[PDB]
Each structure stands twice: as structure tokens, then as C-alpha cells.
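Structure record follows, encoded as C-alpha cells.
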Amino acid sequence: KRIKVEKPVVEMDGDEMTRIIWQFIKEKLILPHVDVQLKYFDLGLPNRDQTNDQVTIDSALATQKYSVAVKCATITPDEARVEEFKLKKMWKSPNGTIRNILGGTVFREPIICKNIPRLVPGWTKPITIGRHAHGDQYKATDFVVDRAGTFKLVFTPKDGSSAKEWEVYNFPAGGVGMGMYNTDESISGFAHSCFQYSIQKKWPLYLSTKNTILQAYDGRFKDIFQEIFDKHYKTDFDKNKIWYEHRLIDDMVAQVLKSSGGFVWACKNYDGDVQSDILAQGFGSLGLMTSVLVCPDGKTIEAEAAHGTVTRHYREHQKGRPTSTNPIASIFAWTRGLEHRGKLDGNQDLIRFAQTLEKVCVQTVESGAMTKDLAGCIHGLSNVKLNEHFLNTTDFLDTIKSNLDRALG
Amino acid sequence: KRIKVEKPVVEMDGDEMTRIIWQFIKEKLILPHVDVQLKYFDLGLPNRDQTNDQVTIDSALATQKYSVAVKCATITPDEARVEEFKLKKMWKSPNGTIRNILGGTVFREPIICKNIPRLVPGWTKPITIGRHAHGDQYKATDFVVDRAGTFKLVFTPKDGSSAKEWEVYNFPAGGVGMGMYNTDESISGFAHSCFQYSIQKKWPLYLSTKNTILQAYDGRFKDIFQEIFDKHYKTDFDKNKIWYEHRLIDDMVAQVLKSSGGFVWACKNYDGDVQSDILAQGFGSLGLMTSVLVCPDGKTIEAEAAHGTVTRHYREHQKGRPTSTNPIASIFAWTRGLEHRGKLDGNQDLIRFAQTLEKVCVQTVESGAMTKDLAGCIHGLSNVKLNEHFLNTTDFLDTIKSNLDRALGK
Ligand SMILES: [Mg+2]
Ligand SMILES: [Mg+2]
């Protein structure tokens, strides 16, 4: 019997090869077991252009309403994509837009498969990055200086007090300038979520900044975290034999590499983007990773596939040929979506299905049935072969489907 | 008989554990075998405070004059350091101030010992990071927003063109803002350095940015590198079977961790700081890495230890507790300083001494005498033990001192 879900799930469609596997996953794994009401938004690049990127804002507003989104990987366009898709604007990142509106922390962690070898031998336990999802480089204003001139910052107070101007630089010739920001509210919510997840895991927490160089900007991150820790969380950290410490970013990453894992890592928005990929790759593969935005309100989430759209595999699919594409991150976006939908509704049957599918995915890879990229981690890309070391995208999903049916019975 | 050194070498002194190691090296390893005139500048935090940070500017000026600096790792103040040292102001990064005056690229690579298992087993060849030494976070203007108000950017052209304003954010409550920049001239020189270094090494080059998010700012880096590649280097890269590619920083770092090395990695100022510590640590230790600021003119350099002051080892050493800090990167700052001084003057004995001291360091570790960090790579950090697997800071330095005297004795 299919599990009845009462409240809706927001579904965000994607691009190229991820768009196609997103549909297979829905057909083969999700819908045959779950009767769920889907609130569809096409964040494919053609439709984002068609709606002047308004579909992206509505998908986020819908997520605030219904409290659970699941997202397919999308194209953030450059010059090349603007020419290829004939876009009228170089539209901003859908991910950055959705994260800004919703706010909160993007938690990312590996999907550990026993047989997929780590590139960092020392990491015996997993690590979780809490990436702050708001502000900084993902809400910056930047520009090209094409001639001599003065660049300055200006802060005009609301209360009526005098404006403060800072002369940033008197450009003699061309260059670039940018401004970015963040709020106390956004940093406080970011801190709270990280402290709570650390208690939940029984793991210590590390904040990373460069407050020696950005003494006001990064110092505020250090100050707010240490304030919230002292007043709200120090007692709960002591009871669980865990701690909190601020580290300089360059010191942190070395320490992380030397570690054995088993900690939470609060990263700034930019650092989260960079270091989550070092984490994913170090644990075995970029495709073996979850990514879940947890909003400040505690109720709303957005689960996503954090990787790209796999353009090379898509081109082959256009020419009627078979591909071998890892669907696990996309699968885990659905399960994390459905699990939280089940938590809010009090639907234990749904929660159990999501966890069962996550386990079946790992077991299928651990049994030796896998896609080309994962088989390449084991035997090397030069030594792998079809129906010997790896399977087609749909065949792997069909293997996952068979194992999912056996587990449920 | 000391080696006479005709011309001076600028010396920048530092803080905490590196300051103590710096003085051992100067006193006991360098000037008993090298008659060298040192233009001494104390960039220890108390003297920077004493001089209103002018000594930092004066050290940078002196490096331009004599073309060679050797620097000890320094403290950059935050709020805690103002309390600690009772500072007049929250002074800026002296490395920032030095790098901004001198300009150039900071080249960073591992110091390889056959004896030391990597944390990243895949990296069978070394990797060099060309770090851009100018602009971005290290020249930024940042501030605390402590009341409601609007933050904007304003560009006013010098020759009468229309001025442009951009609203960054309307703050309802408290927060933070910042503005930063870089220049076409600085980024072009950064490209030239990295392309030239790549052709020397016969290695491919990668530039990392986030041009998909920072369309203008990071796009400018991508465009200038590509123009300069096609105008000056593309032919030579193709002839030498090497290549240049741009990659998104997040894509790049994953590629690095999975690679087997053998490439140059052009990093922006911020990225180069973070990624150079990943690199040193992955090859074995923060103590086994060189760092050289190569200026545009092709003559001036500043050699340093990439790693910090080792504050956590300094707190133990202050209270008399056991300590084992790796001095090799700090020694290699002296040797690359002297080697370059020797190369400029045509002083062959001074070049040989520098290289002899580098061989002594590597052969000392390769013979089984080492500091804790390196012992941990072999035996595991949770099983190493004082005087069984590793030596003290002083006992390891005395071992370098003993082996050095024996080396040039032979
Ligand atoms: Mg990323
Ligand atoms: Mg550093």
C-alpha cells in the first residue's frame, strides 16, 4: 500500500541530466510508494527565462507556506549559457535567491559507502558543515571599474544622525569593486541552529572566520557566536562533554585535514561552498553528499542536490544514447524532504520509508551495483566497463527499486 | 671562517613561538657561519605598537631598497590582542601592509621528506599555489552597523562621466558591511607571474574564482588571465604539452584533493591563504612549506613561514609545559633569503651554505630525528611519546645545529 501524505511538498524542477534523473527517481522510487500532493515549480533555465526569474521567487514563497521543498540541480548561467539558451538577462543563481528569502543554515554531510575509498585516510568519523545560507558574496553588489575614479562606501542612518563615508580606493585605471553585508538576526539564527545540531549529534562545534583581517565584519560572527554560547548553550555542552571554539579559517582547514572527523563546522557562506566540496571529495565522491537548508523558524526546510547538472551526460541523452549518472544526491534530497514532511505531520510510515530508501541506496553501492563515477573511485576511470564494473542510470535505479521492495516486505 | 656577504638582508622579527625559534636560527645557525649585515626591523607586536605601526612600513621600504627580506611569523590584532598587549589601536595585518607596498605573487609549496606519509596519499607530485598578494579582503573597509540605515556604493569618475550608485542593503537593525577592490594592473601581474612560473616548471596552470556568483568582480580575473594567456603564453604552453584552465573554486578544491599533483594553482588572495594551509597539512605538516613573495620587478623578494605564530604551542611553552614545534619552514625562510641574496651578488659560497642547511633539515628528518607533528604522520599522533618517537623544540634545533656544523665540517 502507498503511504498517504496529507500536506503538500514543494517540488523544484531542474536542468539537463539532473532534470531527467529527477523524473526517473520520482517514477521508479518515490511515487509507487508515496501518495503525496506535489506543488510544482519549474526552475529549469528555459522557464526561469520565460517568467523573468519570477518562478524562482514563488518557489521560495511556496516553501515558506508549505514548509518542505525538494530541489533539482539547476544551471547558474554565465556568458556561454546566455548565448546557448538565448537568455534576455544573465539570471542570478536560483540557490542564492531561495536561500536569501528563506534564510538559515545549509547542513551538508557525506553519504558513507563502506566500499568507496576515502581520499583523506584519517577521517574515521563523518563531519558536518553548517554553511550560513544568507548574505556575504551571495548577496553582494559588484562592478567593473572601466576608468579612473573614486570608489566609496556610504552609510546613511535612519535616526537622522550624520552619514559616514569611507574612501575605499582612488582608481588610477581599470579594476573591480564590490560591497557585501550581513545582519545580526541572520548570524544569530545561524549560530542557534549550529549549537542545536551539535547538541543533537553529541559533537563539538567550530566556527571559522578571518577576524584578524576583516576585524569588524568577521569579528561580529566571532562575537555573536560566543555571546549565544555563553548565555544559552555552555551548560548543555558541558553535560554532553563537548565544547565550542572559534578558529581562524586557514588554521581550521589544516586542523580539519589532520582530524579524524566527528565534529560540526560552522562555515561562513563562501567558506561553506568551498569546504563542503573538500569534505564531499575527501570522504569519497562529490555525488555522495546531502544538502539541507534548515530555516531559522525551525519548521521550514529545503533539501537539494548540491552538485552540477552533468552537461556531458545530457548531450549524450539528446543523441538517444545511454548514460551512467549518480542519482544518490537527488534521491537523498527527496528522502530528506519526505522525512521532514513526516516529522511535521506525525507520519511514522513516511519517516520509515525515507530512512529505508537511504539505507537501500548505500547497500546497493556496497553490494557492487553502482554508476560509472563510483566504480571509477574503486578501479580507476581507465579500467571500468559496462555491465562489469558499473550499470546504466536506469539499471542502477532498477537495482535500487528491487532492493527497496525486498526491504519493505 | 664566516662567509662574507657584501650586501644587506632585511630582517623582520615576529611574535610568540616563531620569535623564539627565529632567534635560535639567527644566533646559532646563521651568523656564526655567515658574516651578513642585517637591517633589523622588530615587527613583534609590542614594537609595532610602540612605533604606531611605522616600523612595518619602514621594513617594506627597506626591502625595496635592498631587494631581500626574511620575515618571522607575526600576530595580527583582533579584540583579544588589544586586551592582551594593551594596544593603542587595533593595528592591521603587517603582512597585508608589507605585501601591499611590495606587490607580487606569494608562491607556496611543500618541503618534501621521503620519510613522511601524506594525509592525502594521492598527491604523488608537489603542488605550488601562486597566491595573489594584493587587494580583496586584505585592503577592505569593513564596519559594524549598530543602528538602522542604508549601506550604498558610489563610483565617481575622475574625468566628468556620470557617477553610479548601488544600494547594498537597507538595514532595519544591526549587522555588518564591507567594501573591497582590486586592480587591472595587479591582476595582470598576478597572471604573468603564474603563467611564467608554470612554463618554468613544465606544469599546467589553474585559476580558481566564483565568477558565476561574482559576475563582474571574479569575471574580471577570468577575462584578464584568458587575454594574457592568448596574447603571451598560449603558444609556449601548447609547445610544452601543458594547458591553462579556469575553474570554480568549489570545483577546483575537489579536483585538487583527487589529483596526483604536478600543477600550479593560481589562487586569489583569500583563497591562497586558506588553501595553502590545506596543501601544507596534506603533504605532511604546516612546518614543511616554503613561502616567497616574488615582486614584479624580478629582483625583490620577501621570504616567510606561511604558518602562523603557533599560539597554542606558545601557551604551553610560557607555563613551562612540554613543547615540540616544527622549525623547518622558519629555517627555509632564512635559506631562501640568503640564496637569493647570494644569487643577486654572485656569492657562490653563500648559495651553497643556504642549500646545505636545507639538505641538513631534510636529512635530519629522514634520519629519524623529528618534531611531534612529523612523528605523528608516521606512528599516529595518539601513539607518539616524548624522546621515544620525537624530540623537543630545543633538542631538534640542537640536532640541526650539530648536523650543520658536521656538514660544512666535511
Ligand atoms: Mg558548491
Ligand atoms: Mg595562512
Side-chain angles (χ1 to χ4, degrees), chain A residues 104-114 118-133 187-209 221-222 224-249 251-269 271-284 288-296 298 301 303 306 332 336 339-340 343 355 358-359 362, chain B residues 119 278 281 312 380-382:
Chain A
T105 312
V106 178
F107 292 89
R108 282 172 186 187
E109 49 178 31
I111 293 159
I112 304 296
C113 301
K114 278 282 293 306
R118 297 189 256 85
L119 291 173
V120 180
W123 299 344
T124 55
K125 299 173 289 308
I127 304 158
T128 298
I129 294 179
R131 170 180 174 191
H132 190 201
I187 296 165
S188 305
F190 168 47
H192 278 291
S193 299
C194 289
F195 288 124
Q196 286 162 191
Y197 186 97
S198 292
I199 289 158
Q200 216 77 345
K201 285 305 208 83
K202 306 267 266 294
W203 283 355
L205 180 63
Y206 298 91
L207 173 67
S208 175
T209 78
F221 281 85
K222 186 181 185 189
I224 290 174
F225 268 67
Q226 194 65 79
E227 282 165 13
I228 291 166
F229 181 72
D230 286 163
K231 196 161 76 169
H232 296 295
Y233 297 106
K234 200 218 166 186
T235 306
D236 266 37
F237 268 60
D238 293 1
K239 188 203 172 186
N240 294 250
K241 288 174 155 176
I242 55 165
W243 57 91
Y244 164 70
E245 266 178 0
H246 170 267
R247 293 280 171 75
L248 291 169
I249 177 60
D251 179 54
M252 181 58 185
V253 295
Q255 209 70 240
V256 170
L257 197 67
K258 195 168 65 178
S259 189
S260 62
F263 58 93
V264 187
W265 181 11
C267 289
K268 287 181 68 186
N269 200 347
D271 292 331
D273 187 30
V274 177
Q275 301 305 135
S276 59
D277 286 30
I278 303 199
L279 228 73
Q281 185 59 91
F283 279 109
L288 295 172
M289 204 199 215
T290 64
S291 184
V292 180
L293 182 74
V294 182
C295 301
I301 70 160
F332 271 59
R336 291 289 151 103
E339 187 181 307
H340 188 80
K343 280 179 186 167
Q355 305 279 22
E358 287 185 353
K359 191 65 170 59
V362 172
Chain B
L119 295 184
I278 274 154
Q281 186 62 84
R312 60 220 293 173
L381 285 156
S382 81

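The sequence lines fix the lettering, A, B, ..., with proteins before strands; numbering per chain opens at 1. All heavy atoms count here, side chains included; hydrogens, waters and symmetry mates do not.
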Below 4.5 Å, heavy atoms only, C-beta onward: do A/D251 and B/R312 meet side chain to side chain?
-> yes
Quick one: list whatever passes side chain to side chain contact (heavy atoms under 4.5 Å, CB included) with A/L119, sequence neighbours left out.
-> A/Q281, B/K258
Across all chains, not counting sequence neighbours, the ring-ring contact (aromatic ring centres under 6.0 Å, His included) partners of A/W123 are A/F283
Only counting residues at least two apart or in another chain, list the ones meeting side chain to side chain contact (heavy atoms under 4.5 Å, CB included) with A/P296.
-> none
For A/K222, salt bridge (charged side-chain N to carboxylate O under 4.0 Å, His left out) partners two or more places apart | B/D78
At their closest point, which heavy atom of A/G104 faces which heavy atom of A/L293, and how far apart are they?
-> C-CD1, 4.3 Å
Check A/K268 against A/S208 and note the closest heavy-atom contact, atom names and distance.
-> CG-O, 4.0 Å
Stepwise side chain to side chain contact (heavy atoms under 4.5 Å, CB included) test for A/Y206 and A/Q255 | CA-CA 11 Å; A/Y206 298 91; A/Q255 209 70 240; over 6 Å; no
Determine the interplanar angle of the A/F190 and A/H132 rings, folded into 0 to 90°, and report it as parallel if under 30°, tilted if 30 to 60°, perpendicular if over 60°.
-> parallel
Can you tell if the side chain of A/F225 reaches within under 4.5 Å of the side chain of A/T209, non-hydrogen atoms only?
-> no
Apply side chain to side chain contact (heavy atoms under 4.5 Å, CB included) to A/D236 and list each qualifying residue two or more places apart in sequence or on a separate chain.
-> A/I199
Side-chain donor-acceptor pair present, A/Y244, A/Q226, cut-off under 3.5 Å | no
Return the set of residues passing ring-ring contact (aromatic ring centres under 6.0 Å, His included) with A/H246 (not counting sequence neighbours), or none when no residue passes.
-> none
Interatomic distance, CD1@A/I127 vs OG@A/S276, rounded to 0.5 Å, equals 12.0 Å
For residues A/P126 and A/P110, report the shortest heavy-atom separation together with the two atoms involved.
-> CB-CG, 4.0 Å
Quick one: CZ on A/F263 to CH2 on A/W243, what's the gap to the nearest 0.5 Å?
-> 11.0 Å
Which residues pass the salt bridge (charged side-chain N to carboxylate O under 4.0 Å, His left out) test with A/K343, sequence neighbours left out?
-> A/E339
Which residues share a salt bridge (charged side-chain N to carboxylate O under 4.0 Å, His left out) with A/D277, sequence neighbours left out | none
A/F237 vs A/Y233 aromatic rings, parallel, tilted or perpendicular, using cut-offs 30° and 60°?
-> perpendicular
Shortest non-hydrogen separation from A/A266 to A/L205 and the atoms involved = N-CD1, 3.9 Å
Mind checking salt bridge (charged side-chain N to carboxylate O under 4.0 Å, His left out) for A/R336 and listing every partner two or more places apart, or none if nothing turns up?
-> A/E109, A/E358
Which pairs pass salt bridge (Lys or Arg N to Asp or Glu O under 4.0 Å) with one or both residues in residues 118-133 of chain A, sequence neighbours excluded?
-> A/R131-A/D273
Which is it for A/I112 and A/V362 under the side chain to side chain contact (heavy atoms under 4.5 Å, CB included) test, yes or no, and what are the steps along the way?
-> CA-CA 7 Å; A/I112 304 296; A/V362 172; over 6 Å; no
In Å and rounded to the nearest 0.5 Å, what is the OG1 to CG distance from A/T235 to A/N240?
-> 11.0 Å
Closest non-hydrogen contact found for A/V253 with A/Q275 is CG1-NE2, 3.4 Å
With sequence neighbours left out, what residues match A/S291 under side chain to side chain contact (heavy atoms under 4.5 Å, CB included)?
-> A/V106, A/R108, A/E304, A/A306
Got a donor-acceptor contact below 3.5 angstrom from the A/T105 side chain to the A/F107 backbone?
-> no
Of the non-hydrogen atoms in A/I242 and A/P204, which two are nearest, and what is the gap between them?
-> CG2-N, 3.7 Å
